[PDB]
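# Structural overview for review
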Amino acid sequence: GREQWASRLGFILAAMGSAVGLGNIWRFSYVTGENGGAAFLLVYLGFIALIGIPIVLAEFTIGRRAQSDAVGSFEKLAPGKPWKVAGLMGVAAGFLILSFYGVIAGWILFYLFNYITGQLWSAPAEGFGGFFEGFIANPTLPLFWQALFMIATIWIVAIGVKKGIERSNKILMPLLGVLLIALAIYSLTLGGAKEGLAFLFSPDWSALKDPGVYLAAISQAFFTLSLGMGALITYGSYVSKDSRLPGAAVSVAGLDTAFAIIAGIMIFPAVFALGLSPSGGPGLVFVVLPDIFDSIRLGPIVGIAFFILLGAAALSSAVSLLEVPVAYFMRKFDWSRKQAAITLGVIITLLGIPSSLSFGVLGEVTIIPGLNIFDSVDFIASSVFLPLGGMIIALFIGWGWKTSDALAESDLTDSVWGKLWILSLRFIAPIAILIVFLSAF
Ligand SMILES: CCCCCCCCO[C@@H]1O[C@H](CO)[C@@H](O)[C@H](O)[C@H]1O
Ligand SMILES: CCCCCCCCO[C@@H]1O[C@H](CO)[C@@H](O)[C@H](O)[C@H]1O
Ligand SMILES: CCCCCCCCO[C@@H]1O[C@H](CO)[C@@H](O)[C@H](O)[C@H]1O
Ligand SMILES: CC[C@H](C)[C@H](N)C(=O)O
Ligand code: NA
Ligand code: NA
């Protein structure tokens, strides 16, 4: 009845495209930065091995045995039991995260437009930092480019799994990796490599007595791995009988973390050479990356190449953010695919408009005490729904699955990995999440 990926690799690449997006470059930079660098990074790394690798496979496992959307996946496997709250919790993180995902993806298309028209080639008068300030504070200009991005996202989603989502131009994600390695090597010769690589790889332990860093790591880890958004459950619901689930979840985190690391090697050695502070808020990369391209001879070509490849990366990730409601509403309300995309994509766009305004006119306005609207949506989405959603997901398989079924559907045997993966779901990952919950609130 449902559409499916046309090969076992098509599922891997789509999941690779879903995972590797803006949370690798943009979000990883200013979150690693404002939380102490190397202390945070080693904690974010450790969370991906013991909380990440199991839950991605947990999501992949639950995705195909039910062959349903993220919510209906819990209704066809354990009907009547209250586990569907996790499938419900993740779709809410999809509506919330795609609202400001289109906000930051609007910044991508504006900068790309400026490099195409030859505007951001040299250092503007306002400066590479000031240019970003008067742009995110302008009430309407970010909303235009967000709507333009939400078109392609909506368009691709409305096209279909086999005619749109899976048809991602196969050679573009590798082009974004090769460039980042070439961009990482460049900033290493800007005079900030010592202050950068030390702050980014050598730990300052006193930070780990602040509990926010833990929650910050768990928030970033679940966010960069497409966890707790209902996106890995649905991408698993298009996987065929013949497929190895364990190999994909590893291939995705290894690529996402490798992409995540090179971004640190590129951003932070440049932040310390530019004399800039690593805790520069969400628009950290948009102050540094143009400042780095400004010192290259062909920097305008790099900028166009960088933002075309990073834009397509944010496009391949936000398209999957829309499938979670779309694949749900087609079942729950018999909506067609094209009707679901327009309706659910234009609402997600309007939901993010108060976030784009939180950078300028709505700066002093707060919802959650102490945070502006962008930071507040980010909190409930990425620091609550994502870490708490995976806990129920992890406890769901670990406790509410017959161990013979949990390993058979996850294509794991009774090997040490099969036990370890099961072990992390039953106890390790959920308690680490539960402990970080007790220690932050
Ligand atoms: C490419 C991998 C980089 C690994 C960086 C590990 C930590 C580097 O931090 C190092 O701390 C030392 C303290 O005096 C200094 O002498 C070094 O110059 C400094 O780079
Ligand atoms: C290239 C990938 C490996 C990078 C390993 C990073 C090494 C961690 O950094 C270490 O931090 C310690 C202070 O806490 C210092 O005493 C060590 O000299 C330093 O190597
Ligand atoms: C002092 C440095 C003056 C400019 C020397 C050019 C060296 C950088 O070279 C540039 O690096 C980019 C990747 O980083 C590539 O994409 C460009 O094609 C390449 O021209
Ligand atoms: C919302 C997260 C998106 C889908 C992607 N996982 C990223 O790291 O940017
Ligand atoms: Na992507
Ligand atoms: Na990611």
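Above this text sits the structure in question.
Note on numbering: residues are counted from 1 along each chain in the order of its written sequence, which can differ from the entry, and residues with no coordinates are hidden. Here every chain gets a letter starting at A, and every ligand a number starting at 1, in the order they are written. As a rule here, side-chain values cover all heavy atoms of the structure and leave hydrogens and water aside.

## With respect to the packing of helix 5 (residues 84-116) against helix 14 (residues 285-293)
Packed helix pairs are characterised by how far apart their axes lie and by the angle those axes make with each other. Put simply, the rule reads: Angles here are taken between N-to-C directions and fall from 0 to 180 degrees, while the axes themselves are lines fitted to C-alpha atoms, restricted in helices to the stretch in contact. For the purposes of this entry, the term helix denotes a DSSP run of H or I that reaches at least four residues, the term strand denotes a run of E that reaches at least two, and both are numbered from the N terminus. We call two directions roughly parallel when the angle between them is under 35 degrees, roughly antiparallel when it is over 145, roughly perpendicular when it lies between 65 and 115, and oblique otherwise. Left-handed is the label given to a crossing in which the near helix is rotated counterclockwise from the far helix by less than a right angle, and right-handed is the label when the rotation is clockwise. Contacts are assigned to residue pairs that have any heavy atoms within 4.5 Å of one another.
The N-to-C vectors of helix 5 and helix 14 enclose an angle of 20 degrees; their axes lie 12 Å apart at closest approach. When the axes of helix 5 and helix 14 are compared, the pair comes out roughly parallel. With respect to the hand of their crossing, helix 5 and helix 14 are arranged in right-handed fashion. Where helix 5 abuts helix 14, its residues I104, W107, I108, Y111 and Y115 lie against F286, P290 and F293.

## A look at the coordination of the sodium ion (ligand 5)
Spelled out, the test is: Only nitrogen, oxygen and sulfur atoms qualify as donors, provided they sit within 2.8 Å of the metal or within 3.2 Å for Na, K and Ca; with water excluded from the atoms, sites may seem incomplete. Remark: exposure states derive from per-residue accessible area (1.4 Å probe, protein chains only) relative to the maximum for the residue type, with buried under 20%, exposed over 50%, and partly exposed in between.
Taken together, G17 (O), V20 (O), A313 (O), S316 (OG) and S317 (OG) make up the full set of protein donors to the sodium ion (ligand 5), lying 2.2 to 2.4 Å away. Mapping the donors of the sodium ion (ligand 5) onto the primary sequence gives the spacing G-x2-V-x292-A-x2-S-S. With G17 in helix 1 (residues 8-19) and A313 in helix 15 (residues 299-333), this pair connects stretches of sequence that are 296 residues apart. Per residue, the accessibility class of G17 equals that of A313, and both read buried.

## Things to note about the layout of surface pockets
The test is simple: Space inside and on the surface of the protein is sampled on a 1 Å grid over the protein atoms alone, with a cavity defined as a set of points where a 1.4 Å probe fits but cannot get out and a pocket as an open set with protein on both sides within 12 Å along at least 5 of 7 lines; lining residues have an atom within 4 Å of a point. Grid points are joined across faces, edges and corners, and a volume is the space filled by probe spheres set on the points. Just so you know the grouping, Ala, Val, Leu, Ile, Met, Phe, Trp, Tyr, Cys and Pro go in nonpolar, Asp, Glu, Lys and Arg go in charged, and all remaining residues, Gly too, go in polar.
In this structure, the largest pocket occupies an estimated 660 Å³ of space. Along the wall of the largest pocket there are 28 residues; nearest its centre are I165, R167, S168, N169 and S316. At the level of elements, helix 1, helix 7 (141-159), helix 8 (161-165), helix 9 (172-187) and helix 15 are the ones that each hand at least two residues to the lining of the largest pocket. Class assignment for the residues of the lining of the largest pocket results in 17 nonpolar, eight polar and three charged. In this structure, the second largest pocket occupies an estimated 460 Å³ of space.

## Thoughts on unusual backbone geometry
Positioned with a positive phi, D334 is a non-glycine residue whose angle comes to about 60 degrees. The topology assignment puts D334 in the loop between helix 15 and helix 16 (337-356). Accessibility expressed as a relative area gives 71% for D334, which makes it exposed. For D411, which is not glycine, the phi dihedral falls at a positive 55 degrees. Residue position: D411 is located in the loop between helix 18 (403-409) and helix 19 (416-440).

## Section: empty space enclosed by the protein
Taken as a whole and assessed by the stated rule, the structure comprises two cavities of 30 Å³ or more. The computed volume of the largest cavity comes to approximately 120 Å³. Looking at the largest cavity, it is lined by 16 residues, and the ones nearest its centre are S18, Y101, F223, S226 and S317. Elements represented by at least two residues in the lining of the largest cavity include exactly helix 1, helix 2 (22-34), helix 5, helix 11 (211-224) and helix 15. Class assignment for the residues of the lining of the largest cavity results in eight nonpolar, eight polar and no charged. Roughly 50 Å³ of volume is contained in the second largest cavity. Considering the residues around the second largest cavity, the lining is formed by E59, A86, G87, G90, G228, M229, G230, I233, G389 and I393. Listed by contribution, the elements that provide at least two residues to the lining of the second largest cavity are helix 5 and helix 17 (373-400). For the lining of the second largest cavity, the element with the highest residue contribution is helix 5, accounting for three residues. Here the residues of the lining of the second largest cavity are counted per class, giving four nonpolar, five polar and one charged.

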